[PDB]
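Everything below belongs to data_1.cif, which stores mmCIF, C-alpha atoms and all ligand atoms.
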```cif
data_target
#
loop_
_atom_site.label_atom_id
_atom_site.label_comp_id
_atom_site.auth_asym_id
_atom_site.auth_seq_id
_atom_site.Cartn_x
_atom_site.Cartn_y
_atom_site.Cartn_z
CA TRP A 1 -64.22 26.27 41.77
CA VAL A 2 -64.43 28.73 44.73
CA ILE A 3 -66.76 29.95 47.49
CA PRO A 4 -67.84 33.32 45.94
CA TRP B 1 -57.34 47.63 33.11
CA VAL B 2 -54.21 45.39 33.03
CA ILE B 3 -51.39 44.21 30.74
CA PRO B 4 -52.69 40.65 29.96
CA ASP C 6 -50.15 42.05 20.51
CA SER C 7 -49.88 45.21 22.72
CA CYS C 8 -53.58 45.14 23.87
CA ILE C 9 -54.74 46.21 27.36
CA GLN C 10 -57.32 43.97 29.06
CA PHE C 11 -60.44 45.01 31.21
CA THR C 12 -60.49 42.33 33.97
CA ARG C 13 -64.26 42.55 34.74
CA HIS C 14 -65.45 42.66 31.05
CA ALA C 15 -66.39 38.93 30.67
CA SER C 16 -68.28 38.94 34.03
CA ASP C 17 -70.12 42.21 33.09
CA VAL C 18 -71.12 40.70 29.71
CA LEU C 19 -72.48 37.54 31.38
CA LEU C 20 -74.36 39.66 33.97
CA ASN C 21 -76.05 41.62 31.15
CA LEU C 22 -76.88 38.42 29.21
CA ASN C 23 -78.58 37.10 32.40
CA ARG C 24 -80.54 40.43 32.71
CA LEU C 25 -81.75 40.00 29.09
CA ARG C 26 -82.77 36.37 29.92
CA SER C 27 -84.71 37.51 33.09
CA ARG C 28 -86.63 40.12 31.00
CA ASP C 29 -87.09 37.62 28.13
CA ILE C 30 -85.22 39.92 25.68
CA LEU C 31 -84.06 38.39 22.35
CA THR C 32 -84.45 34.83 23.74
CA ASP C 33 -84.78 32.62 20.61
CA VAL C 34 -85.47 29.13 21.95
CA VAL C 35 -87.57 27.27 24.52
CA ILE C 36 -86.04 24.16 26.11
CA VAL C 37 -88.77 21.68 27.10
CA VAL C 38 -87.92 19.39 30.03
CA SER C 39 -91.01 17.20 30.53
CA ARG C 40 -93.77 19.51 31.86
CA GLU C 41 -91.37 22.50 32.22
CA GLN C 42 -90.28 25.18 29.73
CA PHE C 43 -87.14 27.33 29.87
CA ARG C 44 -86.52 30.32 27.58
CA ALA C 45 -82.87 31.05 26.62
CA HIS C 46 -80.44 32.44 24.04
CA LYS C 47 -79.13 29.72 21.66
CA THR C 48 -75.64 31.38 21.64
CA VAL C 49 -75.27 31.20 25.45
CA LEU C 50 -76.47 27.53 25.50
CA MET C 51 -73.89 26.65 22.77
CA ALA C 52 -71.13 28.57 24.60
CA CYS C 53 -71.81 26.47 27.78
CA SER C 54 -72.82 23.00 26.58
CA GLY C 55 -71.31 20.47 24.17
CA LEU C 56 -74.84 19.10 23.55
CA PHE C 57 -76.32 22.54 22.60
CA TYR C 58 -73.19 23.35 20.56
CA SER C 59 -73.85 20.15 18.48
CA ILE C 60 -77.65 20.87 18.22
CA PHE C 61 -77.48 24.49 17.09
CA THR C 62 -74.63 23.92 14.54
CA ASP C 63 -76.88 21.32 12.85
CA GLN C 64 -78.24 22.81 9.57
CA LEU C 65 -81.90 21.82 10.42
CA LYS C 66 -81.94 22.08 14.25
CA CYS C 67 -80.29 25.56 14.19
CA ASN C 68 -83.72 26.88 12.99
CA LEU C 69 -85.97 25.20 15.61
CA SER C 70 -87.64 27.45 18.24
CA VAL C 71 -88.39 24.46 20.55
CA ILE C 72 -85.96 21.70 21.71
CA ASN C 73 -87.29 18.74 23.71
CA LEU C 74 -84.83 17.09 26.09
CA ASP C 75 -84.71 13.34 26.90
CA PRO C 76 -87.61 12.44 29.31
CA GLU C 77 -85.11 11.15 31.93
CA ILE C 78 -83.85 14.76 32.41
CA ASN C 79 -84.93 16.33 35.68
CA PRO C 80 -86.38 19.91 35.31
CA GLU C 81 -84.78 21.15 38.57
CA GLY C 82 -81.34 19.83 37.52
CA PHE C 83 -81.77 21.62 34.17
CA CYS C 84 -82.89 24.86 35.92
CA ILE C 85 -79.78 24.76 38.18
CA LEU C 86 -77.49 24.25 35.15
CA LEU C 87 -79.21 27.00 33.11
CA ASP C 88 -78.71 29.39 36.07
CA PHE C 89 -75.01 28.31 36.16
CA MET C 90 -74.61 28.99 32.40
CA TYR C 91 -75.78 32.59 32.89
CA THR C 92 -74.06 33.35 36.25
CA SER C 93 -70.98 31.04 36.84
CA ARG C 94 -72.74 30.05 40.16
CA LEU C 95 -73.81 26.43 40.74
CA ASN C 96 -76.45 25.66 43.43
CA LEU C 97 -75.05 22.21 44.32
CA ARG C 98 -76.78 20.51 47.31
CA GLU C 99 -76.94 16.97 48.80
CA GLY C 100 -80.59 16.76 47.61
CA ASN C 101 -79.87 17.74 43.98
CA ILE C 102 -76.25 16.57 43.25
CA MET C 103 -77.27 13.29 41.52
CA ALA C 104 -79.78 15.10 39.19
CA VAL C 105 -77.28 17.97 38.54
CA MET C 106 -74.44 15.53 37.64
CA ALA C 107 -76.70 13.41 35.35
CA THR C 108 -77.99 16.59 33.60
CA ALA C 109 -74.40 17.98 33.25
CA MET C 110 -73.26 14.64 31.70
CA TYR C 111 -76.18 14.78 29.18
CA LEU C 112 -75.52 18.49 28.41
CA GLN C 113 -71.73 17.81 28.12
CA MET C 114 -70.64 20.44 30.72
CA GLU C 115 -67.36 18.83 31.78
CA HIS C 116 -66.34 21.27 34.57
CA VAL C 117 -69.74 20.74 36.33
CA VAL C 118 -69.43 16.92 35.92
CA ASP C 119 -65.90 17.18 37.49
CA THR C 120 -67.00 19.14 40.63
CA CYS C 121 -70.03 16.78 41.13
CA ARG C 122 -67.72 13.73 40.96
CA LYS C 123 -65.37 15.31 43.57
CA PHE C 124 -68.25 16.36 45.91
CA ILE C 125 -69.73 12.80 45.68
CA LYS C 126 -66.30 11.14 46.29
CA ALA C 127 -65.80 13.23 49.50
CA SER C 128 -69.16 11.99 50.93
CA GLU C 129 -68.22 8.28 50.30
CA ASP D 6 -77.11 31.42 48.78
CA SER D 7 -74.66 28.47 49.24
CA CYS D 8 -73.58 28.34 45.52
CA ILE D 9 -70.02 27.44 44.38
CA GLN D 10 -68.55 29.60 41.60
CA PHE D 11 -66.36 28.49 38.52
CA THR D 12 -63.82 31.36 38.22
CA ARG D 13 -63.09 30.91 34.45
CA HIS D 14 -66.78 30.43 33.36
CA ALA D 15 -67.46 34.03 32.14
CA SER D 16 -64.14 34.13 30.19
CA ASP D 17 -64.85 30.67 28.62
CA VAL D 18 -68.35 31.84 27.58
CA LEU D 19 -66.95 35.00 25.95
CA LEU D 20 -64.23 32.95 24.18
CA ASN D 21 -66.92 30.65 22.70
CA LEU D 22 -69.11 33.62 21.67
CA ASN D 23 -66.06 35.04 19.81
CA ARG D 24 -65.52 31.60 18.11
CA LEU D 25 -69.17 31.67 16.94
CA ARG D 26 -68.65 35.25 15.63
CA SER D 27 -65.43 34.21 13.72
CA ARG D 28 -67.34 31.31 12.05
CA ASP D 29 -70.40 33.54 11.46
CA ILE D 30 -72.63 31.22 13.54
CA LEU D 31 -76.06 32.58 14.65
CA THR D 32 -74.95 36.19 13.97
CA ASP D 33 -78.25 38.12 13.53
CA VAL D 34 -77.19 41.63 12.56
CA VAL D 35 -74.81 43.51 10.26
CA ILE D 36 -73.43 46.85 11.52
CA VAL D 37 -72.68 49.18 8.59
CA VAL D 38 -69.92 51.75 9.20
CA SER D 39 -69.64 53.72 5.95
CA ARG D 40 -68.17 51.32 3.35
CA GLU D 41 -67.55 48.55 5.96
CA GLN D 42 -69.81 45.79 7.30
CA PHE D 43 -69.46 43.90 10.59
CA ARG D 44 -71.50 40.80 11.48
CA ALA D 45 -72.35 40.28 15.19
CA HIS D 46 -74.78 38.90 17.78
CA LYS D 47 -77.34 41.52 18.92
CA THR D 48 -77.18 40.14 22.53
CA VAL D 49 -73.40 40.64 22.81
CA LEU D 50 -73.64 44.19 21.33
CA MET D 51 -76.40 45.06 23.89
CA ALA D 52 -74.38 43.50 26.76
CA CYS D 53 -71.38 45.78 25.85
CA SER D 54 -72.86 49.06 24.60
CA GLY D 55 -75.44 51.52 25.96
CA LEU D 56 -76.21 52.55 22.36
CA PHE D 57 -76.92 48.95 21.17
CA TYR D 58 -78.85 48.23 24.38
CA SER D 59 -81.17 51.20 23.52
CA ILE D 60 -81.43 50.18 19.80
CA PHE D 61 -82.28 46.50 20.27
CA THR D 62 -84.82 47.09 23.11
CA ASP D 63 -86.74 49.38 20.71
CA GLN D 64 -89.92 47.54 19.54
CA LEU D 65 -89.20 48.30 15.80
CA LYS D 66 -85.36 48.34 15.69
CA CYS D 67 -85.13 45.00 17.60
CA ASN D 68 -86.27 43.33 14.31
CA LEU D 69 -83.82 45.02 11.89
CA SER D 70 -81.05 42.86 10.34
CA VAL D 71 -78.99 45.95 9.32
CA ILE D 72 -78.02 48.97 11.50
CA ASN D 73 -76.27 51.96 9.91
CA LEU D 74 -73.98 53.97 12.19
CA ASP D 75 -73.46 57.77 12.01
CA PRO D 76 -71.18 58.62 9.00
CA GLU D 77 -68.62 60.30 11.34
CA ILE D 78 -67.85 56.84 12.87
CA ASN D 79 -64.48 55.45 11.83
CA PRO D 80 -64.60 51.75 10.67
CA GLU D 81 -61.22 50.88 12.30
CA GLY D 82 -62.33 52.39 15.64
CA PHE D 83 -65.53 50.32 15.42
CA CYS D 84 -63.56 47.14 14.51
CA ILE D 85 -61.26 47.65 17.57
CA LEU D 86 -64.29 48.11 19.87
CA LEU D 87 -66.14 45.08 18.40
CA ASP D 88 -62.99 42.98 19.03
CA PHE D 89 -62.94 44.35 22.63
CA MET D 90 -66.63 43.42 23.16
CA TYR D 91 -65.87 39.77 22.25
CA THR D 92 -62.44 39.41 23.95
CA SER D 93 -61.98 41.99 26.84
CA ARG D 94 -58.78 43.09 24.95
CA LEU D 95 -58.49 46.65 23.59
CA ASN D 96 -55.91 47.42 20.84
CA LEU D 97 -55.27 51.02 21.96
CA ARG D 98 -52.45 52.81 20.05
CA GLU D 99 -51.24 56.42 19.58
CA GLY D 100 -52.50 56.26 15.96
CA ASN D 101 -56.03 55.07 16.83
CA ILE D 102 -56.80 56.46 20.35
CA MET D 103 -58.79 59.50 19.12
CA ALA D 104 -61.00 57.34 16.81
CA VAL D 105 -61.40 54.62 19.53
CA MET D 106 -62.44 57.20 22.19
CA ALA D 107 -64.92 58.96 19.83
CA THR D 108 -66.44 55.57 18.82
CA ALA D 109 -66.62 54.44 22.51
CA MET D 110 -68.42 57.73 23.42
CA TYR D 111 -70.95 57.17 20.58
CA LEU D 112 -71.42 53.48 21.53
CA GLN D 113 -71.71 54.42 25.26
CA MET D 114 -68.90 52.09 26.50
CA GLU D 115 -67.93 54.03 29.63
CA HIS D 116 -64.94 51.89 30.76
CA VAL D 117 -63.27 52.29 27.30
CA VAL D 118 -63.97 56.08 27.33
CA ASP D 119 -62.33 56.21 30.84
CA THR D 120 -59.07 54.41 29.82
CA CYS D 121 -58.80 56.56 26.61
CA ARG D 122 -59.17 59.77 28.69
CA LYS D 123 -56.42 58.58 31.10
CA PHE D 124 -54.05 57.49 28.26
CA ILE D 125 -54.56 60.89 26.51
CA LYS D 126 -54.04 62.85 29.80
CA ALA D 127 -50.67 61.06 30.39
CA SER D 128 -49.39 62.14 26.92
CA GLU D 129 -50.28 65.85 27.59
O1 LIG E 1 -67.89 21.15 28.68
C1 LIG E 1 -68.10 21.70 27.60
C2 LIG E 1 -68.57 23.12 27.39
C3 LIG E 1 -68.66 23.23 25.90
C4 LIG E 1 -69.01 24.28 25.06
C5 LIG E 1 -68.92 24.12 23.68
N1 LIG E 1 -68.91 25.31 22.93
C6 LIG E 1 -68.12 25.67 21.88
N2 LIG E 1 -66.94 25.03 21.74
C7 LIG E 1 -66.16 25.45 20.74
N3 LIG E 1 -66.42 26.41 19.86
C8 LIG E 1 -67.58 27.02 20.00
CL1 LIG E 1 -67.98 28.15 18.76
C9 LIG E 1 -68.50 26.72 21.02
CL2 LIG E 1 -69.97 27.60 21.20
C10 LIG E 1 -68.49 22.90 23.14
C11 LIG E 1 -68.14 21.84 23.97
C12 LIG E 1 -68.23 22.02 25.35
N4 LIG E 1 -67.93 21.13 26.38
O1 LIG E 2 -70.84 51.44 29.34
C1 LIG E 2 -71.87 50.80 29.19
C2 LIG E 2 -71.99 49.33 28.83
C3 LIG E 2 -73.47 49.11 28.78
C4 LIG E 2 -74.22 47.97 28.53
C5 LIG E 2 -75.61 48.03 28.64
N1 LIG E 2 -76.27 46.79 28.75
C6 LIG E 2 -77.27 46.42 29.59
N2 LIG E 2 -77.44 47.13 30.72
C7 LIG E 2 -78.40 46.69 31.55
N3 LIG E 2 -79.21 45.65 31.39
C8 LIG E 2 -79.04 44.97 30.27
CL1 LIG E 2 -80.19 43.72 29.98
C9 LIG E 2 -78.05 45.28 29.30
CL2 LIG E 2 -77.83 44.30 27.90
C10 LIG E 2 -76.24 49.23 28.98
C11 LIG E 2 -75.48 50.37 29.24
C12 LIG E 2 -74.10 50.30 29.13
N4 LIG E 2 -73.14 51.29 29.34
CL CL E 3 -69.05 23.43 32.65
CL CL E 4 -66.72 49.39 28.27
#
```

Would you mind writing the file out in structure tokens?
Amino acid sequence: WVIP
Amino acid sequence: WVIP
Amino acid sequence: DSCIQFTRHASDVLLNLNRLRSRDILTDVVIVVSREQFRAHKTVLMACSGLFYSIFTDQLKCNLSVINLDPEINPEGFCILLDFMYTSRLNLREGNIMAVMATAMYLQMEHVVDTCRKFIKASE
Amino acid sequence: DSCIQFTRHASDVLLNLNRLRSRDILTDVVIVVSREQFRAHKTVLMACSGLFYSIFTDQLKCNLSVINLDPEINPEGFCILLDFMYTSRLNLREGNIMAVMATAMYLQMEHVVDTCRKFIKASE
């Protein structure tokens, strides 16, 4: 999971 | 395009 | 093999599937979550959810145009997860995390369940 | 927004759509290319091809279960492009590049047409  |  | 790979292809496909969903094109099922209705493509739901994969591979349920979810399922939690299925983006907030995690457990979306567990653990 | 994004989601969706295609699950169209037949999902074809997008948004053609391609279309070129649609991997070889590029032009798959043009230019 990432900060887009 | 890339070499996978 | 000796194939070449187009890096953005999967993302571009998902973007177009979401555009078809927004315009209600070739949607073949309505998911009923208490008073709320959500139109979708059976193939995308199966590709994202262990529950929908089981439902639409069933020889009788594969032909239904309406699926009713368990009454304990929260419509907003479902909406957030349906948006995630079609975009890869999850709108996870303090006010919705419990409903999102419960809905992801029911829908069998293990990566969502995992991030909810981690976000909850950090707040404890 | 304040969404989080699952990096591998689009790739995982496409992988599952290809698994459904391999098991012939919820495929809703057969593409006829001379003597050869290819089963697929209309939504995936539309998401990958400007030609299929135009065909399946047409109010009469959206309901057809069989689509016949132009007789000049090569079945192997089509097979290679259908595999690309469902995997992001293109089996481009000296022996098939002309058929693949012609099929990609007909199907309106601009990124494939672009790499074929570049691979051909390098060999000149
Ligand atoms: O957490 C998750 C996400 C998910 C999706 C699916 N889907 C598929 N799996 C295998 N082959 C096929 Cl054909 C599909 Cl469609 C099944 C289980 C789960 N669990
Ligand atoms: O080279 C290409 C690949 C491609 C795909 C599509 N598909 C869609 N485009 C916009 N909205 C929607 Cl809803 C879809 Cl399905 C249209 C044109 C082209 N051209
Ligand atoms: Cl997931
Ligand atoms: Cl393309």

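Of note, atom CA of residue C:55 and atom CA of residue C:116 are spaced 11.6 Å apart.
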
Using all atoms listed in the file and a distance of at most 6 Å, pull out the residues of chain C that contact chain D, as a PDB file with C-alpha atoms, in the coordinates of the input.
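In the end it all went to selection.pdb:
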```pdb
ATOM      1  CA  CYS C   8     -53.580  45.140  23.870  1.00  0.00           C
ATOM      2  CA  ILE C   9     -54.740  46.210  27.360  1.00  0.00           C
ATOM      3  CA  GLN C  10     -57.320  43.970  29.060  1.00  0.00           C
ATOM      4  CA  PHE C  11     -60.440  45.010  31.210  1.00  0.00           C
ATOM      5  CA  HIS C  14     -65.450  42.660  31.050  1.00  0.00           C
ATOM      6  CA  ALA C  15     -66.390  38.930  30.670  1.00  0.00           C
ATOM      7  CA  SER C  16     -68.280  38.940  34.030  1.00  0.00           C
ATOM      8  CA  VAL C  18     -71.120  40.700  29.710  1.00  0.00           C
ATOM      9  CA  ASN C  21     -76.050  41.620  31.150  1.00  0.00           C
ATOM     10  CA  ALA C  52     -71.130  28.570  24.600  1.00  0.00           C
ATOM     11  CA  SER C  93     -70.980  31.040  36.840  1.00  0.00           C
ATOM     12  CA  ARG C  94     -72.740  30.050  40.160  1.00  0.00           C
ATOM     13  CA  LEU C  95     -73.810  26.430  40.740  1.00  0.00           C
ATOM     14  CA  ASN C  96     -76.450  25.660  43.430  1.00  0.00           C
TER      15      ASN C  96
END
```

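For the pair atom CA of residue D:45 and atom CA of residue C:56, the separation is 22.9 Å.
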
Can you measure atom CA of residue D:122 to atom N4 of ligand LIG 2 (chain E) for me? One decimal in Å is fine. 16.4 Å

If you count all atoms listed in the file, which residues fall within 7 Å of residue D:35, apart from same-chain ones fewer than 2 positions away, as a list in words?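 Result of the neighbour search: residues 37, 42, 43, 44, 45, 70, 71 and 72 of chain D.
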
Using all atoms listed in the file, which of the listed residues (C:129, C:115, C:33, C:41) sits closest to residue C:82? C:41

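Closest approach to chain B among D:86, D:74, D:127, D:121: D:121, based on only C-alpha atoms.
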
Set the distance at 12 Å and use all atoms listed in the file: which residues neighbour residue D:79 once local chain neighbours fewer than 6 positions away are removed? I'd like the list as a list in words.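 In the requested format, the answer is residues 37, 38, 39, 40, 41, 42, 85, 86, 101, 102, 103, 104, 105, 106, 107, 108, 109 and 111 of chain D.
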
Take the selection from the previous step and output its residues with C-alpha atoms, as a PDB file, in the coordinates of the input.
```pdb
ATOM      1  CA  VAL D  37     -72.680  49.180   8.590  1.00  0.00           C
ATOM      2  CA  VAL D  38     -69.920  51.750   9.200  1.00  0.00           C
ATOM      3  CA  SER D  39     -69.640  53.720   5.950  1.00  0.00           C
ATOM      4  CA  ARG D  40     -68.170  51.320   3.350  1.00  0.00           C
ATOM      5  CA  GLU D  41     -67.550  48.550   5.960  1.00  0.00           C
ATOM      6  CA  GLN D  42     -69.810  45.790   7.300  1.00  0.00           C
ATOM      7  CA  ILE D  85     -61.260  47.650  17.570  1.00  0.00           C
ATOM      8  CA  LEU D  86     -64.290  48.110  19.870  1.00  0.00           C
ATOM      9  CA  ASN D 101     -56.030  55.070  16.830  1.00  0.00           C
ATOM     10  CA  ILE D 102     -56.800  56.460  20.350  1.00  0.00           C
ATOM     11  CA  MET D 103     -58.790  59.500  19.120  1.00  0.00           C
ATOM     12  CA  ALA D 104     -61.000  57.340  16.810  1.00  0.00           C
ATOM     13  CA  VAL D 105     -61.400  54.620  19.530  1.00  0.00           C
ATOM     14  CA  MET D 106     -62.440  57.200  22.190  1.00  0.00           C
ATOM     15  CA  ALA D 107     -64.920  58.960  19.830  1.00  0.00           C
ATOM     16  CA  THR D 108     -66.440  55.570  18.820  1.00  0.00           C
ATOM     17  CA  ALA D 109     -66.620  54.440  22.510  1.00  0.00           C
ATOM     18  CA  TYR D 111     -70.950  57.170  20.580  1.00  0.00           C
TER      19      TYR D 111
END
```

Point out the residue among D:64, D:87, D:77, D:34 with the least atom-to-atom distance to ligand CL 4 (chain E), counting all atoms listed in the file.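 Among the listed residues, the smallest separation from ligand CL 4 (chain E) belongs to D:87.
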
Which is closest to ligand LIG 2 (chain E) among D:112, D:88, D:63, D:125, if we use only C-alpha atoms and all ligand atoms? D:112

Please rebuild stretch 90-102 of chain C with N, CA, C and O atoms and return the result as a short mmCIF file (atom, residue, chain, number, x, y, z; two decimals), in the frame of the given file.
```cif
data_model
loop_
_atom_site.label_atom_id
_atom_site.label_comp_id
_atom_site.auth_asym_id
_atom_site.auth_seq_id
_atom_site.Cartn_x
_atom_site.Cartn_y
_atom_site.Cartn_z
N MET C 90 -75.05 28.48 33.71
CA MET C 90 -74.61 28.99 32.40
C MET C 90 -74.57 30.50 32.37
O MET C 90 -73.60 31.08 31.89
N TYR C 91 -75.63 31.14 32.91
CA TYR C 91 -75.78 32.59 32.89
C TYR C 91 -75.15 33.33 34.06
O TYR C 91 -75.18 34.56 34.07
N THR C 92 -74.60 32.61 35.08
CA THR C 92 -74.06 33.35 36.25
C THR C 92 -72.68 32.91 36.72
O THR C 92 -72.10 33.60 37.55
N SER C 93 -72.22 31.70 36.32
CA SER C 93 -70.98 31.04 36.84
C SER C 93 -71.23 30.42 38.24
O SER C 93 -70.34 29.78 38.78
N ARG C 94 -72.44 30.60 38.83
CA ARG C 94 -72.74 30.05 40.16
C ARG C 94 -73.60 28.80 40.08
O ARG C 94 -74.63 28.80 39.41
N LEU C 95 -73.15 27.74 40.74
CA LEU C 95 -73.81 26.43 40.74
C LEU C 95 -74.39 26.12 42.13
O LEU C 95 -73.65 26.06 43.12
N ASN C 96 -75.73 25.96 42.19
CA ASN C 96 -76.45 25.66 43.43
C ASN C 96 -76.42 24.14 43.67
O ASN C 96 -77.39 23.43 43.39
N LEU C 97 -75.27 23.64 44.12
CA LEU C 97 -75.05 22.21 44.32
C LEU C 97 -75.35 21.85 45.77
O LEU C 97 -74.77 22.44 46.69
N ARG C 98 -76.31 20.93 45.98
CA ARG C 98 -76.78 20.51 47.31
C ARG C 98 -76.89 18.99 47.39
O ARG C 98 -77.07 18.33 46.37
N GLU C 99 -76.81 18.43 48.62
CA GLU C 99 -76.94 16.97 48.80
C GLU C 99 -78.20 16.42 48.10
O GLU C 99 -78.12 15.39 47.43
N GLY C 100 -79.30 17.16 48.19
CA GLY C 100 -80.59 16.76 47.61
C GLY C 100 -80.70 16.87 46.10
O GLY C 100 -81.63 16.31 45.52
N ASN C 101 -79.78 17.60 45.44
CA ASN C 101 -79.87 17.74 43.98
C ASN C 101 -78.63 17.23 43.20
O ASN C 101 -78.67 17.19 41.97
N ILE C 102 -77.53 16.90 43.91
CA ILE C 102 -76.25 16.57 43.25
C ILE C 102 -76.36 15.43 42.20
O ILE C 102 -75.76 15.55 41.11
#
```
